[PDB]
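> can you look at this? It's an experimental structure, sequence on top.
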Amino acid sequence: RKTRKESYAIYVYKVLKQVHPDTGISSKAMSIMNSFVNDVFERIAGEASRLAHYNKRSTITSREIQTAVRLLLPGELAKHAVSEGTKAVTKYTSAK
Amino acid sequence: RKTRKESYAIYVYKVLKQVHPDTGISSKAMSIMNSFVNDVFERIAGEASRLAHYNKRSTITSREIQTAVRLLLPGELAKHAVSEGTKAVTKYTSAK
Amino acid sequence: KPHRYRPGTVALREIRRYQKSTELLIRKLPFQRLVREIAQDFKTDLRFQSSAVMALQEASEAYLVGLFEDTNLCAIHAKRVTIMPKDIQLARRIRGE
Amino acid sequence: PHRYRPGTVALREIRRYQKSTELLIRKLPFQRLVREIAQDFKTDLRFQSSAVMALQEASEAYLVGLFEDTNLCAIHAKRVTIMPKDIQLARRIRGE
Amino acid sequence: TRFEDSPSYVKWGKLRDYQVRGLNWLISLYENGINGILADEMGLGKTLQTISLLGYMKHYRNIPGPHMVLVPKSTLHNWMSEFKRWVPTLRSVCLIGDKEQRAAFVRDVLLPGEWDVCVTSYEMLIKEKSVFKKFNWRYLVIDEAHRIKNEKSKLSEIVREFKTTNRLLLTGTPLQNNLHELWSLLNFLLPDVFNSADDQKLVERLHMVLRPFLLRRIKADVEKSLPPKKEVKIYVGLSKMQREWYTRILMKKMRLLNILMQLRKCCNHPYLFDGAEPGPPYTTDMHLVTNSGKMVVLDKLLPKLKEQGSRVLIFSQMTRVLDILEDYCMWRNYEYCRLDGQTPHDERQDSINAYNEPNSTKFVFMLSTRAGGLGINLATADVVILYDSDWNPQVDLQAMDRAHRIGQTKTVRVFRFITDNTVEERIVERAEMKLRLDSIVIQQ
Amino acid sequence: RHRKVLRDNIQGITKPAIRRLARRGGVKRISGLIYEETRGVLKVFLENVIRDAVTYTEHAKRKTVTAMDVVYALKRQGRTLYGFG
Amino acid sequence: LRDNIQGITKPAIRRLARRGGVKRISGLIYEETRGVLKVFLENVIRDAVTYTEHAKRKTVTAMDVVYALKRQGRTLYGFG
Amino acid sequence: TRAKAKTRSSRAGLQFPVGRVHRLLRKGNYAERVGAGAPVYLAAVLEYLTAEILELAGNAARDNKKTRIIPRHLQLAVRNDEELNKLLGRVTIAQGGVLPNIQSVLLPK
Amino acid sequence: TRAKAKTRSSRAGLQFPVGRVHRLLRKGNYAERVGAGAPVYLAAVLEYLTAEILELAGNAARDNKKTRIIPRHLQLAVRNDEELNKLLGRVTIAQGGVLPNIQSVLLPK
DNA sequence: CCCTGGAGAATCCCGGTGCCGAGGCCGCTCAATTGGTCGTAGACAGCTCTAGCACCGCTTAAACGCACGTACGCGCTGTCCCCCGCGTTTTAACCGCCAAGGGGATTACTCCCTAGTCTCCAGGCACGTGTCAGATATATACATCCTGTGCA
DNA sequence: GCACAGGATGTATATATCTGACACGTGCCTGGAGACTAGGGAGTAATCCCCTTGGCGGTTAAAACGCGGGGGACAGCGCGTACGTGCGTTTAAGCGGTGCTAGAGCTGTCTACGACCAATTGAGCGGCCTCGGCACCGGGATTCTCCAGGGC
Ligand SMILES: Nc1ncnc2c1ncn2[C@@H]1O[C@H](COP(=O)(O)OP(=O)(O)O)[C@@H](O)[C@H]1O
């Protein structure tokens, strides 16, 4: 067995079972979803890095992630993504 | 006494006097030249960093810089810039 | 009886004149009012540096000039000399906006 | 004998191929073309089959989008036949 | 031991005692080689004294060389008429008009050098600094010198760059806000004396320093008329909507950028803010009056003066407030004439004449506090109501004296409207501070 | 109680000014319906750019929009501007 | 090899145009589209060969092709 | 002794790996330091976007009378939603095809 | 003892700041390690590009009969040359104007 | 000049095959837990220079409204040739299979190249300051455009 | 019907003036060079086995070719309409001012909490098998459409 490779496949599958309980997915579709997740990650992280360099900071923070999602996603997606991220950070802070 | 701002104005003026002894440059043209140098530097450095990540290396080297130059520059510019940089690195390594 | 130029000589003269210069072709104060009105809906109590408005005007004028070049090409494609909203919409659709 | 008018079969083919999701170029000719083109940059090159498949996917997508824009230009000229002038106009407006 | 009577070169007129005293003082300034500031109030023949000075300097001294007078545009014709009437031996030219007229004038009269005095305006000086900069100027006169009271202004820089031998500043209010302005004027005058930026250590020392360079003749030597004024402060309280908006402004969708400027107008009328007025009907009926303290007091005050002597002048610093007052006066059906910056000059003069017509039905003349030209002879009025106070007390004094001119007959009552527990109290306190500074320094 | 509006700010971009822009673009004849279309196009473009610039200004916790913020918004859009920093 | 742009046949171009949504095709479209295809392929293959060379590989990988496409602004999901 | 380890994804109530996102940020040369809330926020955003796309694709697959999501379903979901089409405008999806569309002039009169 | 300091730009023969480029690379978070010859190569490439643009702009200034360069000359140089036009295709030069260009149809005949 | 009537294509329903998707197991390496530290960012204070709001005064360039005439957009018509739809024959793509070895991919080892540190010093930046290149004006010289008219 | 003279317009041209930005010179300080150490990244060699490439034969779909005809491109003509040109009138831009703040940037400090580094260990995750329900393939009966002929 060669070197192990990392993919978001199991997490994508868990989300799919949450959304449609009795619907599956094929290998090419999972590869497409993995590529999508990697691309979105790189877009957001690069934008946040540029923000930190512009403001002369050294730490990537939740405020930078929020500004990056406002910059990159359009409209209702930006609103809902901001709400979801804020909820997650609130739960993490209170439940840690 | 105000803060220190860094710019490539000194070196741009040197290259201007080297390539056209009797010619001057205005402040706004200097702003444009400075912005151009910054933009090219950022493009080359970003492409080199992406290359290093792709090949799972940690060091930006002259091989990475050459490959980024060939990727970014169109053709005659690419080959002449490669020759210029090879000359420079040879001169630096030879007796320095 | 008074001397008059044909319909199209003055248009070509204006084309050459404004392709020879580099100034801004839009009035600064009206443009500033428009920019402030647009930013009002995004966030009230907004203040603008004067250099920001100049950069905005530069970008807007460059965008409009490039759009008009493409519009003229489309009108010439349709075997016309007059540019039309159809030409503007086609240019935008092909460019992907 | 039965004979369809000039244009009904074209519409049927339009619907059929817009319904389908498979490649429309012969794979062996495309592979030979790719290797030929690659001879200009390096010798004795070898390819992964996935590489040729991805190249074909990208090429087909580019051509399909180009033909859509060309069709729009032809409709603008009040025509149904597409022409090389339409292809050139689409490329020029895109920025190529 | 100087000129003791009306000079001879000045024909058709005998200068008064203060006129000849000022002329003697200017001659002493010239003899000692010191430039001076002449501030003898608003009516003691300052233009005549300047004309007499130039007439003397040309007649009894042989220097008919170039002389420049800088004036506001509104006073150019007055200056030319006075030059032609009093001392016609001198040769005076005026520079006005567009670019073609300016070029023709410079090619016809200015450059050929057949003139002796030049009467130009501020704008024409800024335009033609290039040609005025060439000449050697024997005497430079700047009228209404408070225009250049501020350094770092283009006119002050340009007037500093000229080549001059003598300088003379005419003003009535040398001190408006702070001693920096007085130093700016004195530094234009004597740059080598007042080169520095800045009651034995104060008041008396300042008086002794200023006295060799200044001369003020209060309008009390003549008097014999103009019964003294009387200022009454009327305190008013916020209406309920005014209180609601004051709280909304202080606590903090309308942009509120200049908080002081929003609180002010809020203290004038809540209707200025968008949407504070009631809905689409847009009627003028008793909800204008009741929503403003100044407006309720004004409605309680106007009819009493009207059944009394009437002829009231109302001043404000906002044309929006002028609009609201015009609507009120239309609804109550008094007579109103309006004058602000947007009123064309012919209409301005027509309104002044119509109100000043000996027996007219006009009742209220509304002016913007700064829209006059220091003229405006509204001497038939009786009561001045200041809707708004200005940071500059000299502006308020000029507004007052537009109705306190020589033709006045009966005493004038000045009603100043102040909101209690607002920023108007601050404004008035600052104005009092500036006025006390001015009185202690210049008046004494 | 006196209301009198002046004009719409999008009308401040005038027909002769749009004609000058078309002249620099190289256009000879211009239809009368072009002006409203151009006004809409300009509004859309400005809205995108200003939204991004305001996002940057908010992240910096400022209330003043700067030329650098405008430049960064344009680089986000893909319309690099040289000459302002 | 030589004469391989003629392997992209007229029926294939017709199929691609029919997926694009065109009904009538002029006879001169085929040479034009072969030229367009050649220039596009040359750009992509050049970038991919640059990546392959830098890695000191003698094989071109789907990763190299994807990287070239992404640098040209033509992201391709479905291969990695 | 040490308490039972609770994953940060469990603490945040997510289904995406917060720790893996944190390691990817640290190894990516994006910035010198990474805050604690950044991985949680990023994982939540990724989860939301993935859920949106999967929901639309599953709806499309059901309208096709299937049960496995294929690239055709993904492409239909992306191109029939305006926000996701604005996000993925420069993206080509393998074996996705195109949206059925014929211009009205081409239809028979 | 000690030797007199020689700048790396002098060592390499470049008119661009090798040391400043090295520091900018190390602070830009591009990688955790930067080689010795990389700043030299990058500075040489930047110098070549700047020299090209300045040569073309000086030629344009001679054509316009002025001895100082302005953004108009920079735009005329960047356009009219295909390599730099591809390089700066999506770049706007402030007050640079546009190329003179009138279509053949629009001319009188 | 739309209504039946044939034909062709597509759709739906029903039954047999195969192939991987989804589950269950194993092993490992990577994230979570504690503990300690340090440096980054938040908070405060003190200067300086710009931007917003409400006005005024003046000059003048540009917008604006209007009217006329003229290219031009647009519809209509006729002609011709070109692209499409169909049938026949050829060709090479596809698929399955086999075979060989080139190169991708991993591991172990060692060295050499870079990060970090401390001095030392000179190159680059802010600051003043003069002079000259370009903008502008003015008066010509010339090149262009348009019309009327003389000549077939 | 065409071609030219000439008038009027606009434009290119040489000269003279003036001003404000370019370019140079200066002090000093902050960042770059010199010299050293220490450690981990990467170059280098060697092994494995996967995946590429080459070849061959049989099938059959797809390409190439040729025919015949209707529809679409395209040239030409006529018209009336909306845009260009020019002129007189109106408006608002632009410049120069008041008067007061607050906002934001550079300086300089202080300080505390949050991120980093390190050491353990055990649970999550990736790879490997295995099996059955879905997807695919065919087949048959069905519905919708498209084209043609004429009694509507
Ligand atoms: N014949 C006159 N001689 C001198 N002064 C006069 C004469 N007539 C009127 N005045 C004064 O002129 C004043 C108004 O004119 P003003 O513009 O102030 O002139 P000046 O600027 O010369 O004082 C009045 O107060 C009046 O006293």
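Nice, thanks for sending it over. Numbering: from 1, shown residues only, chains lettered A, B, ... in the order given.
> can you check which helix is longest in the chain?
Went with chain A since none was named. helix A:27-54 (DSSP state H).
> not quite, I wanted chain H
Chain H, longest helix under DSSP H: helix H:37-63.
> point to the residue nearest the middle of chain H.
The centroid of chain H falls nearest to residue H:50 when counting by CA atoms, centre = their mean (2.9 Å).
> so that residue makes contact with residue A:41?
No. Applying CB atoms under 8 Å as the test, residue H:50 and residue A:41 come out as separate, 11.3 Å apart. From N, CA and C alone the C-beta is placed, and that goes for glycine too.
> so residue E:379: helix, strand or coil?
coil (DSSP: H, G, I helix; E, B strand; the rest coil).
> ugh, wrong one, residue E:279
coil.
> residue E:295 versus that one, what's the distance?
The gap separating residue E:279 from residue E:295 is 20 Å, by CB to CB, to the nearest Å.
> do residue C:33 as well
Residue C:33 is 32 Å from residue E:295, by CB to CB.
> just residue H:52 next, same as before
58 Å.
> those two - which one has more neighbours?
residue E:295 (23 against 18; other CB atoms under 10 Å in any protein chain shown).
> now do the strands in chain H.
Ranges of strands within chain H are H:33-34, H:68-69, H:91-93, based on DSSP state E.
> got the contact list for stretch E:82-99?
Stretch E:82-99 is contacted from outside by E:9-13, E:47-48, E:51-52, E:54-55, E:58-59, E:64, E:73, E:76, E:80, E:102, E:105, E:109-110, E:114-121, E:124, E:128, using CB atoms under 8 Å, 6 or more residues apart in numbering or on different chains.
> may I have the secondary structure class of residue E:104?
helix.
> so the residue in chain H that DNA strand J sits nearest to versus residue H:5, what's the distance?
Closest approach between chain H and DNA strand J, counting by CB to the nearest atom of the strand: residue H:19, at 2.9 Å. Distance, residue H:19 to residue H:5, using CB to CB: 11 Å.
> enumerate the positions of the longest helix anywhere in chain C that are buried.
Across chain C, the longest stretch assigned as helix under DSSP H is helix C:50-77. The neighbour-count check on helix C:50-77 (16 or more other CB atoms under 10 Å in any protein chain shown) flags C:51-77 as buried.
> including mean neighbour count, could the strands of chain H go into a markdown table?
Formatted as a markdown table, the strands of chain H follow (neighbours: other CB atoms under 10 Å in any protein chain shown):
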| stretch | mean neighbour count |
| --- | --- |
| strand H:33-34 | 17 |
| strand H:68-69 | 18 |
| strand H:91-93 | 22 |
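> identify whichever of those lies nearest to the ligand.
strand H:33-34 (73.1 Å; CB to the nearest ligand atom).
> next, see if that closest one gets close to chain I.
No. Using CB under 8 Å from any CB of the partner chain, strand H:33-34 stays clear of chain I, coming no nearer than 10.9 Å.
> other residues contacting that strand?
Against strand H:33-34 from outside (CB under 8 Å, 6+ apart): A:58, A:59, A:60, H:22, H:25, H:26.
> so what's the fourth one up against?
With contacts taken as CB under 8 Å, 6+ apart, residue H:22 has the following neighbours: H:34, H:38, H:39.
> wait, which of the residues you listed is closest to residue B:65?
residue H:34 (27.9 Å; CB to CB).
> re the thing from before, any idea which helix or strand comes after the longest helix of chain C?
Later in the chain than helix C:50-77, the nearest helix or strand by DSSP states H and E is strand C:82-83.
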